[PDB]
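In: sharing an experimental structure here, sequence included.
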Amino acid sequence: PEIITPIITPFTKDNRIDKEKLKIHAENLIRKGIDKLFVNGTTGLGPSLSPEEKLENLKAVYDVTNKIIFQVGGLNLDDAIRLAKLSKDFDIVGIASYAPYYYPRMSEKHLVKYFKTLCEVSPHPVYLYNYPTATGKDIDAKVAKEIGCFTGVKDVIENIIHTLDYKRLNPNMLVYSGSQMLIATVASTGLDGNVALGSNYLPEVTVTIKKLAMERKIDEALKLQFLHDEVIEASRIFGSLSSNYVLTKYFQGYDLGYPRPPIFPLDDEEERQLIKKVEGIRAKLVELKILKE
Amino acid sequence: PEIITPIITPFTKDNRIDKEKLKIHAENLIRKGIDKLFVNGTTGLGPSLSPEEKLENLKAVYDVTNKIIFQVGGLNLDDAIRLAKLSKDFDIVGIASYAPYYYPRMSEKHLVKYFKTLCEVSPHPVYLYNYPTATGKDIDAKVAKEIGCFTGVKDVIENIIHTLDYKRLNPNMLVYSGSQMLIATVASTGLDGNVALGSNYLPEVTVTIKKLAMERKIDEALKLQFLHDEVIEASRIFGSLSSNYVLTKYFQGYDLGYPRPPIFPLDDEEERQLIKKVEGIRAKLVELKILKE
Amino acid sequence: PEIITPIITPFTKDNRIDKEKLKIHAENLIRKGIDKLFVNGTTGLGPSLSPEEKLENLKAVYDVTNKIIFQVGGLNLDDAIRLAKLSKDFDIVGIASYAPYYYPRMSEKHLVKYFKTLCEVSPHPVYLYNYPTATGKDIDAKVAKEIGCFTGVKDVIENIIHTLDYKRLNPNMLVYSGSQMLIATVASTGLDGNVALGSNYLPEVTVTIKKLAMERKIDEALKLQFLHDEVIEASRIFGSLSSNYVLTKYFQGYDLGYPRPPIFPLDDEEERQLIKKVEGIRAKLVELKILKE
Amino acid sequence: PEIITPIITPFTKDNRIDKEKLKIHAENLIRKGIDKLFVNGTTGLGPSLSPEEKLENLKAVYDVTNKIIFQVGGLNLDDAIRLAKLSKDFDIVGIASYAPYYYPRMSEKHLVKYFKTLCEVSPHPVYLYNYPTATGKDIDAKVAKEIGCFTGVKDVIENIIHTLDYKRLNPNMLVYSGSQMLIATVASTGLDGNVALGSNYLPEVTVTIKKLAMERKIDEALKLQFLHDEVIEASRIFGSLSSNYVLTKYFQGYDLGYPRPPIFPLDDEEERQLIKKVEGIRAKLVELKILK
């Protein structure tokens, strides 16, 4: 079982990547037991980044670790190809792409051709990043088998049978769930792990749930799952992708800068309200010895 | 954890409930280890049954077992009230209702009042039957808490975090998933069991997956899960609610008659095509000693 | 260019059809210039009515007028067949059915077979009642052509090209829009009329918009269209199907009884709030000489 | 009322904007009666263009006409701001933006702030480009009123009451429908015109339908509407955004190059089947003297 963090991209006030804060964050995640870092995913505002910026993020995290999956996709296939080729000089886990987003009613043949083109140019294993609520497209287990060249899939969906279908139809594929329900996906149900959307700000909780689940301490894991879920709900009040910055600073104790507008930062009042909603959870996690005081 | 079968309603060729086939089927399910029978659910074509027929189903299954959850809902609240009251004389597990279907944009206040009215008249525990893809409405954990009178919920959805939310917000509620992914939901993830949509025709597989999962024989449970999933996929070719009849006859060895049009019966060609698609699965299950040749 | 009213079903406090109030309402609508009355549609709570109740509604309206389309559909095809046959003794415009509702993932073959069965037994022209938001199914122009036996379609959808497609692919079919935008569908865009959701409580507005639109007085019709839309929006505050009763009493001056729970009646305070929301609209309609005070 | 064409962006075989084919196309549309050109819309593959390419498109079309609405939106607000400011030196009709796409569950507050920011820096009138099926967001008449700074809206949706709501709640706003049903939106329903997604390849049909409609000749307008609809249905066989290139070449007689992958071009065989599907429609339009 592995935990993959879709790592946040810190931006400066000038709306450029803050490489030093990114390095600090990646170092903390690896130190806290995260297995692999997924760079330029939704949580990292991948679609908001130019190709150059996607490459910047890779370079900053690569200084720290090579346990990286490098998301390269976009609506200009030539740029995705150029990022795939540029990744050759990095001894990472793989590259990845979401399906082409925005445009409705794209044919299956064109979607398959997009992914097969990336596979044909990739110097690394290729991972499917399936995120239907954001892309409008589902690249399901059958289409993945037709594409035929994925080493793995990250299925960011709450429909857990949909994720298991990949393993059934592609027994050699590494299959990761992005379900919020870590207990039922990270270990012992047929999958290889979880792409954990809350692991940026509470990697200790994610990692401990994984351990407890592997030990079958389900009641103990549930208690932590529920605290995790309360933080997720609180993060949705003002926008989860923006709230992730405030929560990482609060729980992990270092600043992660700003998101990129139109993913606007929480304003002062929103930040204080969000902290009020989670300060009792922090206290409980300290009592449980999950977090340090 | 417990397995709940949403039991099929067998109809005769002239569209009457076949009470004797229903009793044979109910007896087989209990004998094969199903814990409880859910009567007049989607799988039982509940919405296609008059209130008089819904009661007729209860009476037939009650001749076999009292481990019944009696679905009574509909768009005439007086009929649902009458069925709830008629159930006083039956020593059953509970009554249940789906949310009012068909009408779009029903107010939360009116949905809450519908369920609270049933609770006020029920002589038994009341179960929420949540089936958003059919009713067009979701009665989520928060609305369930507001209603405040459910003894349990059957959450027929693949979104497993949605199901866990009921247990987090309502710790005393019995919470059952209708996910196809038995191996995750039946045991060891904090729910009370599974409403197993495929357990009419392969109760042995459902019950064995549960046993293997509880024993931590996950590789063995997975092989059976996949066989189950292949059958579910084949059932979708011609329509699962109709295919359920052919599959029960094939795997369990007794006739269950016909569905009720517009849930049309598979014709003979469709029956033969479906059987060809699953006969290798049957042979595998015989080899595995799950079924008898 | 015809206006069709999907007529309300008035119920008594005892939750039975109020035949006398239905007769008075039907008489008023015809007297105010509505062309045809559509009985047992969504606005009439069709799916909440037993087959016998659907037939009662036909009889009560038929005493008044033979300008009826009789909705007979449901989830027991035998009952819909019964009703179709029972209509033979009524010299009405046609019968109608929505598609089978509730059950998801019904095959095109089965949906086609449902409607072809009704056509085979019908003693009257058969009309498609297309309401995808309520039924979960779209019987579009292509499927209607495949069914091949509809005399007309009522397309209750805001997608106006969807409605025109029926006329393009079925040039001999009568095609009515259920769009809220009367001005654009009641005349001069290739359709045969509108099924007017608000014509129960303001038939005068509906009929006046029709005449103004034919007389090429689009500025005048727009003003009334806007007042009509403001009333529609106010009806959604507490639930449109319930608010339609209060609005008919307020604008037309006679009582229409109660809806059938779970379509709950507005309580006395909700009624007061709704009337305040439309008080100024009534005054404007009186000033414009469309309603007598 | 007006016809607005969301103009195609022609690309070369090596995936560069073909400025000289774009100018040929723009000049033809204007010559055939199109009122305004909407640049970097969905049909122009706006989200597939860098901000630098979005400006390139403006500069090329501006060589032909100033009757331009310049779409500048994207997921880096600083780039949209730059494009809005760069537009100052172009004497055009307005700028436009779609709502931020991709990210789900964006708050109304953040959506409003995005548009109000563009309004604060824009040297031209600002148009809302509402396309819920592509962006996942609906900026409806109520939210547009709250934003309060739109000169106009292009509502790319088949729900015609949704579009009229903008005029009811914002009486001074210019309101255009992107409905396929031209004959109901190009005149006599309270709207200011139509953003016509088939007008790239059959501008004659769009403009003639508008004329006939205004002239109350609804029977003849309907016959053209149906032919237009048959071509649109054919365009969906292999992909509408890709098929629009083949159809423009076939009906207008000049080459428009290629789309940008993953909007892949039709292959030679796909092109032949599409042409076979519409060849009878072309002959009919010629007979009717719509085409020559």
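Out: Looks like it arrived, so ask away. Residues are numbered from 1 along each chain as shown, chains lettered A, B, ... in the order given.
In: for chain C, see how far away the residue lying farthest from the centre of chain A is.
Out: Going by C-alpha atoms, centre = their mean, the residue of chain A most distant from its centre is residue A:287, 28.2 Å out. Noted for residue A:287: a distance of 45 Å to chain C, by C-beta to the nearest C-beta, to the nearest Å. Bear in mind the C-beta positions are built from the backbone N, C-alpha and C, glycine included.
In: same deal with residue A:222?
Out: From residue A:222 over to chain C (counting by C-beta to the nearest C-beta), the distance is 31 Å.
In: tell me the secondary structure for that residue?
Out: What DSSP: H, G, I helix; E, B strand; the rest coil gives for residue A:222 is helix.
In: is it true that it touches residue B:190?
Out: Yes: counting by C-beta atoms under 8 Å, residue B:190 is a contact partner of residue A:222 at 4.6 Å.
In: okay, and the common contacts of these two?
Out: Listed as contacting both residue A:222 and residue B:190 by C-beta atoms under 8 Å, 6 or more residues apart in numbering or on different chains are residue A:183.
In: one step back: got the phi and psi for the residue farthest from the centre of chain A?
Out: Dihedral angles of residue A:287 (phi, psi; degrees, to the nearest 10) stand at phi -60, psi -40.
In: ok, residue A:121 - contacts?
Out: A:81, A:84, A:85.
In: which of those residues count as buried?
Out: A:81, A:84 (16 or more other C-beta atoms under 10 Å in any protein chain shown).
In: okay, the contacts of residue A:121 in CSV with secondary structure and distance to residue A:12 next?
Out: Converted to CSV, the contacts of residue A:121 look like this (DSSP: H, G, I helix; E, B strand; the rest coil; distance: C-beta to C-beta, whole Å):
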residue, secondary structure, distance to residue A:12
A:81, helix, 29
A:84, helix, 28
A:85, helix, 29
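In: now the helices for the stretch 1-150 of chain A?
Out: Using DSSP state H, counting those that start in this stretch, the helices of the stretch 1-150 of chain A run over A:19-31, A:51-62, A:77-86, A:108-121, A:132-135, A:141-147.
In: tell me if the shortest one is near chain D.
Out: It refers to helix A:132-135. Yes: Helix A:132-135 is in contact with chain D by C-beta under 8 Å from any C-beta of the partner chain, via A:133, A:134, A:135.
In: who in chain A is up against chain D?
Out: Checking chain A against chain D by C-beta under 8 Å from any C-beta, the hits are A:15, A:42, A:45, A:47-48, A:50, A:75-78, A:100-107, A:110-111, A:113-114, A:117, A:133-136, A:236, A:238-242, A:260-264.
In: narrow those residues to just the buried residues.
Out: By the neighbour-count criterion of 16+ other C-beta under 10 Å, the residues of chain A next to chain D include these buried positions: A:15, A:42, A:45, A:47-48, A:75-77, A:100-103, A:106, A:110-111, A:113-114, A:117, A:134-136, A:238-242, A:260-264.
In: for the nearest residue to residue A:128 once chain neighbours are set aside, give me its contacts.
Out: Nearest residue to residue A:128 in three dimensions, chain neighbours excluded: residue A:153, at 4.2 Å (C-beta to C-beta, 6 or more residues apart in numbering or on different chains). Residue A:153 sits next to A:127, A:128, A:130, A:144, A:163, A:166, A:173, A:174, A:175, A:176 when contact means C-beta under 8 Å, 6+ apart.
In: part of a strand, is the fifth one?
Out: No: under the criterion used here (three-state DSSP), residue A:163 is helix, not part of a strand.
In: burial count for it?
Out: Residues lying near residue A:163 (other C-beta atoms under 10 Å in any protein chain shown) number 29.
In: repeat that for the last one.
Out: Around residue A:176 there are 28 other residues, counting by other C-beta under 10 Å.
In: now do the contacts for it.
Out: Here residue A:176 is in contact with A:2, A:4, A:152, A:153, A:154, A:155, A:163, A:191, A:192, A:193, A:194, A:195 (C-beta under 8 Å, 6+ apart).
In: which stretches of the stretch 151-293 of chain A form helices?
Out: Using DSSP H, counting those that start in this stretch, helices in the stretch 151-293 of chain A cover A:160-169, A:203-214, A:218-238, A:240-252, A:268-287.
In: quick one: the ones you listed as JSON lines, columns for distance to residue B:203 too.
Out: Output for the helices of the stretch 151-293 of chain A, formatted as JSON lines (distance: least, C-beta to C-beta, whole Å):
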{"stretch": "helix A:160-169", "distance to residue B:203": "19"}
{"stretch": "helix A:203-214", "distance to residue B:203": "28"}
{"stretch": "helix A:218-238", "distance to residue B:203": "25"}
{"stretch": "helix A:240-252", "distance to residue B:203": "41"}
{"stretch": "helix A:268-287", "distance to residue B:203": "42"}
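In: between the ones you listed, which gets nearest to residue B:91?
Out: Residue B:91 lies closest, by C-beta to C-beta, to one member of these: helix A:218-238, at 32.0 Å.
In: and that closest one, what's buried?
Out: Buried-residue list, helix A:218-238, by 16+ other C-beta under 10 Å: A:218, A:220-235, A:238.
In: do stretch A:122-138 as well
Out: Buried, per 16+ other C-beta under 10 Å, within stretch A:122-138: A:122, A:124-132, A:134-138.
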